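Form solved without this ligand, single chain, as structure tokens, below.
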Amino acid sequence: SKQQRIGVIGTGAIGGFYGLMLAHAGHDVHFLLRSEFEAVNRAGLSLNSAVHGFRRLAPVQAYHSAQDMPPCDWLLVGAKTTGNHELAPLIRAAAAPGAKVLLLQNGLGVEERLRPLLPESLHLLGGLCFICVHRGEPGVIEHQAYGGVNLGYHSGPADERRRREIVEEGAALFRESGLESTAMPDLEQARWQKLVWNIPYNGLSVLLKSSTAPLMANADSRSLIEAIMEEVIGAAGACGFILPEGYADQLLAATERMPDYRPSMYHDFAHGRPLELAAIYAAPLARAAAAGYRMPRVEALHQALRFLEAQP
């Protein structure tokens, strides 16, 4: 696989991790820093990883304005979905002709909401990241577990054969970098699948002010998580996407194996950053409502999270 020039738009824990891992695989990686450019450019990018050991990118090819970035073959959007409405000018400024835009973002309907502002010549893909990672000290990325990326194609100028090829190119990029990666045939199905984990765990970790270990240890919280998982699974099927056998117990088991992890929404709440409620809760609730399918627990959890955000 030829050297790719890779642009990272929004370099939080997610964009920093994948951008660093690709850079270490020998790719030419360029980082757009919205919030922390001055800090990271002189500090550099460091990775504490229980999986890959310590790694460092210094000097980093860091940028504060998308216009200074070179034209990139792949644009990795690790920023949160909360700022996806000002993303398009940044993507367009940093994209080589025919560039691949890969949204490393959770929730539902993300790609459809960004496509209106992206030129038709750009491929738009989604990447569902099953990873335990967060921002540690400034310029530091704390990676506790996993890292796999499930890629799917949303829209763009490729026909069906070329779509599969492009999704497989992106997966091979991550795999070459020592990361797990899977080409998904159906991005929307894959987004519903990731919701079965993000919806209970992100929200309950904020609401119950707890991490994954106490949440799985307590029997009542664990029964609640399963019940919420069955609402998402039921909503997916009602909307046309029927998810695999015993998918709940599979993520129950993977999270059981998981080290004590604070989901990204927990960290967001602790630091005053707006929660990704629109993409993770509001959108699947709206879809299920269109299908006439009630999600009482998820709806109640969403009302609780909105309440908490509004409290001083």
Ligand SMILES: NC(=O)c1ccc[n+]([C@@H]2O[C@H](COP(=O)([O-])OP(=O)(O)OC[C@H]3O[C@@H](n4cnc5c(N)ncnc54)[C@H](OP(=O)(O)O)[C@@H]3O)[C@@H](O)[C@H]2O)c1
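One rule holds for the numbers: they count along the sequence shown, beginning at 1.
The form deposited with this ligand bound exists for this protein as well; it is not shown, and the discussion that follows is about that form.
Q: Once this ligand is overlaid from its position in the deposited complex by fitting the nearby C-alphas, are 3 or more of its atoms within 2.4 Å of backbone or C-beta here, so blocked, or is the site open?
A: The pocket is blocked.
Q: With heavy atoms only and a cut-off of 4.5 Å, decide whether residue 80 touches this ligand in the deposited complex.
A: Yes, residue 80 lies within 4.5 Å of this ligand in the deposited complex.
Q: Does residue 34 reach this ligand in the deposited complex if we count a contact as any heavy atom within 4.5 Å?
A: Close contact exists here: in the deposited complex, residue 34 approaches this ligand to within 4.5 Å, heavy atoms only.
Q: Does any heavy atom of residue 106 come within 4.5 Å of a heavy atom of this ligand in the deposited complex?
A: Taking the distances in the deposited complex, the answer for residue 106 is yes, it comes within 4.5 Å of this ligand.
Q: Evaluate residue 13 for contact with this ligand in the deposited complex, applying a 4.5 angstroms cut-off between non-hydrogen atoms, and reply yes or no.
A: Result yes; residue 13 sits at the interface with this ligand in the deposited complex.
Q: Looking at heavy atoms inside 4.5 Å, which stretch does this ligand contact in the deposited complex, given the options 234 to 242, 221 to 229, 177 to 185, 83 to 91?
A: Contact criterion met by 83 to 91 only.
Q: From the list 131, 206, 72, 122, which entry has a heavy atom within 4.5 Å of this ligand in the deposited complex?
A: It is 131.
Q: Of these, 56, 257, 42, 273, which has a heavy atom no more than 4.5 Å from this ligand in the deposited complex?
A: None of the other options qualify; the answer is 273.
Q: In sequence order, which positions of 243 to 261 have a non-hydrogen atom within 4.5 Å of this ligand in the deposited complex?
A: Result: 261 alone.
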